[PDB]
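Shown next: query.cif, given as mmCIF, C-alpha atoms.
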data_start
#
loop_
_atom_site.label_atom_id
_atom_site.label_comp_id
_atom_site.auth_asym_id
_atom_site.auth_seq_id
_atom_site.Cartn_x
_atom_site.Cartn_y
_atom_site.Cartn_z
CA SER A 1 0.00 0.00 0.00
CA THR A 2 0.86 3.69 -0.25
CA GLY A 3 -0.58 7.01 0.83
CA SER A 4 -0.17 10.57 -0.40
CA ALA A 5 -1.49 13.71 1.31
CA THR A 6 -1.02 17.40 0.70
CA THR A 7 0.37 19.47 3.58
CA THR A 8 -0.48 23.18 3.73
CA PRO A 9 1.15 26.06 5.66
CA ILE A 10 -1.07 27.36 8.45
CA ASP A 11 -0.14 31.00 7.81
CA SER A 12 1.88 33.32 5.57
CA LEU A 13 5.11 32.56 7.46
CA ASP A 14 5.03 28.75 7.20
CA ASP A 15 4.90 28.58 10.99
CA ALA A 16 3.65 24.99 10.68
CA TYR A 17 1.96 22.71 8.17
CA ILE A 18 -1.36 20.88 8.46
CA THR A 19 -2.32 17.65 6.71
CA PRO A 20 -5.88 16.27 6.63
CA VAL A 21 -6.35 12.96 8.45
CA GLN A 22 -9.46 10.78 8.49
CA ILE A 23 -10.30 9.31 11.90
CA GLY A 24 -13.13 6.92 12.72
CA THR A 25 -16.23 5.60 10.98
CA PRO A 26 -17.80 7.55 9.38
CA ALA A 27 -14.65 9.56 8.82
CA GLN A 28 -13.98 12.65 10.90
CA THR A 29 -11.38 14.76 9.10
CA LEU A 30 -8.98 16.69 11.33
CA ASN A 31 -6.04 18.81 10.19
CA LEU A 32 -2.98 17.51 12.01
CA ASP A 33 0.58 18.78 12.37
CA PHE A 34 2.81 15.92 11.19
CA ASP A 35 5.76 15.98 13.58
CA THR A 36 8.89 13.90 12.94
CA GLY A 37 10.14 15.09 16.35
CA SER A 38 7.49 13.36 18.48
CA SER A 39 5.62 10.09 18.55
CA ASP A 40 2.04 10.73 19.76
CA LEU A 41 -1.02 11.08 17.55
CA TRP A 42 -3.24 13.32 19.68
CA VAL A 43 -6.34 15.32 18.82
CA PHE A 44 -8.67 17.96 20.11
CA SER A 45 -11.78 16.05 21.06
CA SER A 46 -15.22 16.05 22.64
CA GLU A 47 -13.31 15.44 25.90
CA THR A 48 -11.15 18.57 25.67
CA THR A 49 -11.89 21.15 28.39
CA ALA A 50 -14.35 23.47 26.67
CA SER A 51 -12.53 26.68 27.59
CA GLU A 52 -9.40 25.31 25.90
CA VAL A 53 -11.09 24.80 22.51
CA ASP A 54 -11.20 27.88 20.26
CA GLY A 55 -12.09 27.02 16.65
CA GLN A 56 -10.41 23.61 16.28
CA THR A 57 -12.24 20.68 14.75
CA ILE A 58 -12.74 17.97 17.36
CA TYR A 59 -12.77 14.19 17.24
CA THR A 60 -15.87 12.74 18.91
CA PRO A 61 -15.19 9.04 19.60
CA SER A 62 -18.81 8.38 20.59
CA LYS A 63 -19.81 9.11 16.96
CA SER A 64 -17.31 6.58 15.53
CA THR A 65 -18.53 2.99 15.26
CA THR A 66 -14.91 1.77 15.20
CA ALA A 67 -13.66 3.71 18.24
CA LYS A 68 -12.79 1.72 21.35
CA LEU A 69 -11.56 3.10 24.66
CA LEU A 70 -8.05 1.81 25.39
CA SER A 71 -8.94 1.07 28.98
CA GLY A 72 -6.65 2.58 31.59
CA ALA A 73 -4.35 4.30 29.11
CA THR A 74 -3.34 7.93 29.60
CA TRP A 75 -0.87 10.22 27.90
CA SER A 76 0.89 13.47 28.70
CA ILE A 77 3.44 15.28 26.56
CA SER A 78 5.54 18.42 26.76
CA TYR A 79 7.20 19.91 23.71
CA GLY A 80 10.42 21.85 23.28
CA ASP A 81 8.50 25.13 23.00
CA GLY A 82 6.99 24.62 26.46
CA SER A 83 3.56 23.62 25.19
CA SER A 84 1.81 20.50 26.47
CA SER A 85 -1.29 18.35 26.32
CA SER A 86 -2.68 15.25 28.00
CA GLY A 87 -5.66 12.92 28.08
CA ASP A 88 -6.90 9.38 27.51
CA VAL A 89 -6.73 7.03 24.54
CA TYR A 90 -8.97 5.36 21.99
CA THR A 91 -8.10 3.00 19.20
CA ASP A 92 -9.74 3.76 15.87
CA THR A 93 -9.24 3.61 12.13
CA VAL A 94 -6.96 6.35 10.82
CA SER A 95 -6.32 7.12 7.16
CA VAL A 96 -3.78 9.49 5.62
CA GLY A 97 -3.91 10.16 1.90
CA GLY A 98 -5.60 6.83 1.17
CA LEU A 99 -3.44 4.72 3.51
CA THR A 100 -5.47 3.13 6.30
CA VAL A 101 -4.35 1.79 9.68
CA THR A 102 -6.85 -0.02 11.86
CA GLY A 103 -6.39 -0.05 15.62
CA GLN A 104 -4.33 3.14 15.71
CA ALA A 105 -3.96 4.77 19.11
CA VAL A 106 -5.75 8.12 18.92
CA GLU A 107 -4.86 10.13 22.01
CA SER A 108 -7.81 12.28 23.01
CA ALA A 109 -6.89 15.55 24.71
CA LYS A 110 -8.55 16.40 27.99
CA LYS A 111 -6.19 19.37 28.49
CA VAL A 112 -4.09 21.45 26.12
CA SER A 113 -1.83 24.39 26.87
CA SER A 114 -2.60 27.91 25.74
CA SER A 115 -0.51 27.86 22.57
CA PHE A 116 -2.61 24.98 21.23
CA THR A 117 -5.89 26.69 22.15
CA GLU A 118 -4.68 29.88 20.51
CA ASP A 119 -3.93 28.16 17.19
CA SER A 120 -7.32 27.42 15.66
CA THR A 121 -5.76 25.86 12.55
CA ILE A 122 -4.12 22.83 14.24
CA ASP A 123 -6.50 20.10 15.39
CA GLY A 124 -3.74 17.91 16.85
CA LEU A 125 -0.41 16.30 16.09
CA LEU A 126 0.61 13.14 14.25
CA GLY A 127 3.97 11.98 15.53
CA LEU A 128 6.44 10.39 13.14
CA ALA A 129 9.52 9.95 15.35
CA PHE A 130 10.33 6.53 16.78
CA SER A 131 7.69 4.80 18.87
CA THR A 132 10.07 4.60 21.84
CA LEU A 133 9.12 8.26 22.51
CA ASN A 134 5.36 7.60 22.65
CA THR A 135 3.98 8.81 25.99
CA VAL A 136 1.02 6.44 26.45
CA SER A 137 1.07 4.70 29.83
CA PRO A 138 1.06 1.95 31.00
CA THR A 139 1.24 0.40 27.51
CA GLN A 140 3.29 2.43 25.06
CA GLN A 141 1.67 2.79 21.63
CA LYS A 142 3.02 2.74 18.08
CA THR A 143 3.04 5.64 15.64
CA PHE A 144 0.92 5.67 12.51
CA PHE A 145 4.04 4.95 10.43
CA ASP A 146 5.12 2.07 12.66
CA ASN A 147 1.66 0.52 12.37
CA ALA A 148 1.51 1.02 8.60
CA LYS A 149 5.09 -0.02 7.84
CA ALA A 150 4.57 -3.73 7.18
CA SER A 151 1.79 -3.00 4.67
CA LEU A 152 3.69 -0.32 2.77
CA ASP A 153 5.29 -1.05 -0.58
CA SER A 154 8.54 0.28 0.91
CA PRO A 155 9.10 1.12 4.61
CA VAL A 156 9.52 4.84 4.06
CA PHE A 157 7.77 8.16 4.20
CA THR A 158 8.83 11.40 2.56
CA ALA A 159 8.43 15.06 3.48
CA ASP A 160 8.26 17.61 0.67
CA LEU A 161 7.38 20.86 2.43
CA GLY A 162 6.65 23.98 0.40
CA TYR A 163 7.97 27.50 0.83
CA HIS A 164 4.87 29.66 1.17
CA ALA A 165 3.03 26.90 -0.71
CA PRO A 166 1.54 23.43 -0.18
CA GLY A 167 3.67 20.31 -0.28
CA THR A 168 3.31 16.57 0.17
CA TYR A 169 3.74 13.73 2.64
CA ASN A 170 4.02 10.35 0.90
CA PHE A 171 3.97 6.95 2.61
CA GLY A 172 5.38 3.79 1.10
CA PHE A 173 7.05 5.15 -2.04
CA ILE A 174 9.56 7.69 -3.30
CA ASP A 175 8.17 10.01 -6.00
CA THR A 176 11.11 10.27 -8.37
CA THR A 177 9.48 13.29 -10.07
CA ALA A 178 9.50 15.34 -6.86
CA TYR A 179 13.24 16.09 -6.67
CA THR A 180 16.22 16.96 -8.85
CA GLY A 181 19.48 15.08 -9.04
CA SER A 182 20.02 12.17 -6.67
CA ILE A 183 19.06 11.47 -3.07
CA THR A 184 21.98 11.35 -0.64
CA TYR A 185 21.40 9.02 2.28
CA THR A 186 23.02 9.47 5.67
CA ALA A 187 23.11 7.44 8.87
CA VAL A 188 20.55 7.84 11.64
CA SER A 189 20.88 7.24 15.37
CA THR A 190 17.65 6.22 17.07
CA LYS A 191 19.22 6.33 20.55
CA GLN A 192 17.19 9.42 21.56
CA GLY A 193 14.07 8.38 19.63
CA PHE A 194 14.58 11.01 16.91
CA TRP A 195 15.62 11.03 13.26
CA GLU A 196 19.07 12.09 14.42
CA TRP A 197 21.86 12.49 11.89
CA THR A 198 25.14 14.35 11.38
CA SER A 199 25.46 17.13 8.84
CA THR A 200 28.91 17.47 7.30
CA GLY A 201 29.12 21.27 7.48
CA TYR A 202 27.77 24.57 6.26
CA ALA A 203 28.30 27.66 4.16
CA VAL A 204 26.91 31.18 4.46
CA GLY A 205 25.88 32.79 1.19
CA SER A 206 28.57 32.44 -1.45
CA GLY A 207 31.18 31.72 1.23
CA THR A 208 33.41 28.71 1.42
CA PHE A 209 32.05 25.52 2.89
CA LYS A 210 33.15 24.74 6.45
CA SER A 211 33.57 21.00 7.00
CA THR A 212 32.37 20.29 10.53
CA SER A 213 30.11 17.62 12.03
CA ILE A 214 26.75 18.94 13.26
CA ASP A 215 24.59 16.34 14.99
CA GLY A 216 20.91 17.21 14.90
CA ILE A 217 17.37 16.00 14.29
CA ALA A 218 15.13 16.23 11.24
CA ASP A 219 12.02 17.74 12.84
CA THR A 220 9.03 18.73 10.72
CA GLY A 221 7.27 19.94 13.87
CA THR A 222 9.80 22.70 14.56
CA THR A 223 9.49 25.87 12.49
CA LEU A 224 13.07 27.14 12.50
CA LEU A 225 16.64 25.92 12.05
CA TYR A 226 18.47 25.70 15.40
CA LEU A 227 22.25 25.31 15.17
CA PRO A 228 25.32 25.86 17.36
CA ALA A 229 25.97 29.43 18.42
CA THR A 230 29.22 29.56 16.41
CA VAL A 231 27.41 28.68 13.17
CA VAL A 232 24.51 31.04 13.83
CA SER A 233 26.83 33.94 14.67
CA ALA A 234 28.73 33.36 11.42
CA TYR A 235 25.45 33.53 9.49
CA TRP A 236 24.06 36.70 11.08
CA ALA A 237 27.43 38.47 10.89
CA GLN A 238 26.77 38.67 7.14
CA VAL A 239 23.57 40.72 7.66
CA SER A 240 24.07 44.42 8.40
CA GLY A 241 22.36 45.37 11.63
CA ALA A 242 21.47 41.84 12.72
CA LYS A 243 21.82 41.15 16.42
CA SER A 244 20.76 38.73 19.09
CA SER A 245 18.02 40.25 21.24
CA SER A 246 17.41 38.77 24.68
CA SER A 247 14.13 40.68 24.92
CA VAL A 248 12.81 39.27 21.65
CA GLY A 249 14.30 35.82 22.18
CA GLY A 250 16.78 35.41 19.34
CA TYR A 251 18.41 36.97 16.34
CA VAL A 252 16.56 39.84 14.68
CA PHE A 253 17.54 41.77 11.60
CA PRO A 254 16.41 44.89 9.74
CA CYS A 255 13.35 44.11 7.65
CA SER A 256 15.05 46.10 4.85
CA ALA A 257 17.80 43.46 4.56
CA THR A 258 18.30 40.92 1.79
CA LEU A 259 19.31 37.72 3.55
CA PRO A 260 22.09 35.41 2.33
CA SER A 261 21.43 31.77 1.68
CA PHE A 262 22.58 29.04 4.06
CA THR A 263 23.97 25.71 2.85
CA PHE A 264 24.15 22.53 4.91
CA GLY A 265 26.04 19.35 4.07
CA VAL A 266 24.56 15.88 3.69
CA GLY A 267 27.56 13.65 3.12
CA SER A 268 29.28 15.11 0.08
CA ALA A 269 26.01 16.72 -1.10
CA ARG A 270 24.78 20.22 -0.31
CA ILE A 271 21.30 21.60 0.39
CA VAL A 272 20.89 25.34 -0.16
CA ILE A 273 18.31 27.25 1.90
CA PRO A 274 17.51 30.48 0.00
CA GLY A 275 17.79 33.66 2.03
CA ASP A 276 14.08 34.37 1.74
CA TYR A 277 13.31 31.16 3.66
CA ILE A 278 15.12 32.66 6.69
CA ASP A 279 12.82 35.72 6.93
CA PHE A 280 10.08 35.29 9.56
CA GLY A 281 8.81 38.83 9.28
CA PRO A 282 8.24 41.63 11.75
CA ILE A 283 8.66 40.76 15.42
CA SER A 284 5.37 42.57 16.08
CA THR A 285 2.88 44.02 13.65
CA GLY A 286 4.34 47.05 11.89
CA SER A 287 7.85 46.68 13.30
CA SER A 288 10.89 47.15 11.07
CA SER A 289 12.74 44.51 13.11
CA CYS A 290 12.34 41.07 11.55
CA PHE A 291 12.76 37.67 13.21
CA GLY A 292 15.44 35.34 11.89
CA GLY A 293 14.83 31.78 10.75
CA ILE A 294 18.21 30.49 11.92
CA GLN A 295 18.59 30.58 15.71
CA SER A 296 20.99 29.24 18.30
CA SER A 297 20.39 25.80 19.78
CA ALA A 298 22.57 26.62 22.79
CA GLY A 299 19.59 26.60 25.16
CA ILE A 300 17.91 23.48 23.72
CA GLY A 301 20.49 20.73 24.14
CA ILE A 302 20.09 19.52 20.55
CA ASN A 303 20.42 20.97 17.07
CA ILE A 304 17.17 20.98 15.12
CA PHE A 305 16.80 20.84 11.34
CA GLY A 306 13.29 22.23 11.38
CA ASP A 307 11.03 23.37 8.57
CA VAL A 308 13.38 26.18 7.42
CA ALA A 309 15.93 23.52 6.48
CA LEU A 310 13.63 20.66 5.50
CA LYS A 311 11.50 22.68 3.09
CA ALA A 312 14.63 23.31 0.99
CA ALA A 313 14.83 19.56 0.32
CA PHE A 314 12.98 16.41 -0.58
CA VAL A 315 13.48 14.33 2.57
CA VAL A 316 13.24 10.54 2.83
CA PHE A 317 12.57 9.03 6.25
CA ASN A 318 13.74 5.46 5.64
CA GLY A 319 12.28 3.14 8.28
CA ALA A 320 14.06 0.00 7.16
CA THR A 321 15.56 -2.24 9.85
CA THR A 322 18.51 0.16 9.95
CA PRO A 323 16.87 3.57 9.46
CA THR A 324 18.50 6.26 7.35
CA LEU A 325 17.64 9.75 6.10
CA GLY A 326 17.82 10.87 2.48
CA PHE A 327 18.04 14.44 1.19
CA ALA A 328 17.66 15.69 -2.37
CA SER A 329 17.47 19.14 -3.87
CA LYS A 330 14.19 20.03 -5.59
#

So, in terms of structure tokens, how does the structure I just supplied come out?
Amino acid sequence: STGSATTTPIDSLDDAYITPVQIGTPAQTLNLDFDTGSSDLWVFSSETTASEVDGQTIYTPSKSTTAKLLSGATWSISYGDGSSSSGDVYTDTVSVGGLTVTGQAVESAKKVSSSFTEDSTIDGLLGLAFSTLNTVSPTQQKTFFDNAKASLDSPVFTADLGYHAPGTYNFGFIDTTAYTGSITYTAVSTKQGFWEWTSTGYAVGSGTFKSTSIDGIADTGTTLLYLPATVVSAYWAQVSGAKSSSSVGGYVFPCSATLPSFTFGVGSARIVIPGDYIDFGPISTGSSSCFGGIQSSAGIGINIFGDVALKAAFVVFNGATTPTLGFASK
């Protein structure tokens, strides 16, 4: 089997991407944030505290003839941005782009933090990291990809995120028309539960490439590119007037600037992020200070190849017995 679904930016900045997902019988379609940095499929639901729902579409398990309470199971998750959610668990039929999994754990939110409530466009998350990170207790649950894997034509999914435009998540096949050149594969460590890999270096603009190992995670659920402070300083030093602002929470730059590109290494290959992809617009409405799309990871504990980086590439998440990542230009 295969599946193919379009993923659409939630706003004009590509702050996140939503993909429609069919849950239950008859189908209830929710727009989920596919997140290769976490491993829970959770949704706003008929059980979510009413004051914490503000425009999201909800899953109502009582209206699904295939929903079953997973008795005793609870979940609770906290994300790197400080947001969180928790609740109980149903199993139900879940379909993405024509690919169907029966018995998928659908984690129903009883509580969500304010940032989720405040984003009416995201009805939940669909985790695509390794199932060892799934938070369901006392019986850990598998991700949608893990459950689908054995049925897929090939044990892979691909992320093809658009810049200010829709893109595609494919399951079970590699669309050879969706990228240019060849795909370069690189080793993955699953030791932390992430799609963790080592970039071979970087360049700023037309500058020379610096060969240096940068361990980080391919994370579709993180907006920006978070890299070591040395690398980030070298980037922003090429932008007149750019500075790190403690009050804003990162590097800002004059909105009048033209940003240089940023290149990252994948083995001997190179992925170029155009400068425009690094512009996240005014820090507040009407400001002439703009927020940068490359930020320091120094306070995170891990480097994160988020959407800014991933949307410059066609990315293969290879879930074979020994997982690997593939990157191609497009």

So the first atom is CA of residue 10 in chain A and the second is CA of residue 164 in chain A; what is the distance between them in Å, to one decimal place?
9.7 Å

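The interatomic distance for the pair CA of residue 210 in chain A and CA of residue 14 in chain A works out to 28.4 Å.
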
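Here the PyMOL selection byres ((chain A and resi 165) around 12) catches exactly these residues: residues 6, 7, 8, 9, 10, 11, 12, 13, 14, 15, 16, 17, 18, 160, 161, 162, 163, 164, 166, 167, 168, 277 and 311 of chain A.
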
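Distance annotation: of A:141, A:295, A:258, A:83, the residue with the minimal separation from residue 117 in chain A is A:83; atom set is only C-alpha atoms.
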
Taking the file above as input, evaluate the PyMOL selection byres ((chain A and resi 109) around 7) and report the hits as a count of residues only.
15

Given the file shown, enumerate the residues that the PyMOL selection byres ((chain A and resi 77) around 9) captures and present them as a PyMOL selection string.
chain A and resi 40+75-76+78-79+83-86+134-135

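Minimum atom-to-atom distances from A:273, A:227, A:21, A:232 to residue 206 in chain A were compared using only C-alpha atoms, and the lowest value belongs to A:273.
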
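CA of residue 300 in chain A is positioned 26.1 Å from CA of residue 185 in chain A.
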
Using all atoms listed in the file, which residues sit within 12 Å of range 283-293 of chain A once same-chain residues fewer than 5 positions away are excluded, as an MDAnalysis selection string?
chainID A and resid 13:15 222:227 232:233 235:236 239 241:245 247:262 273:278 304:309

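The closest residue to residue 198 in chain A, picked from A:182, A:264, A:54, A:221 and counting all atoms listed in the file, is A:264.
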
Contacts of residue 66 in chain A within 7 Å, only C-alpha atoms, excl. fewer than 6 positions in-chain, as a VMD selection string
chain A and resid 24 to 25 92 to 93

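Among the candidates A:231, A:41, A:204, A:156, the residue lying nearest to residue 143 in chain A is A:41 (atoms considered: only C-alpha atoms).
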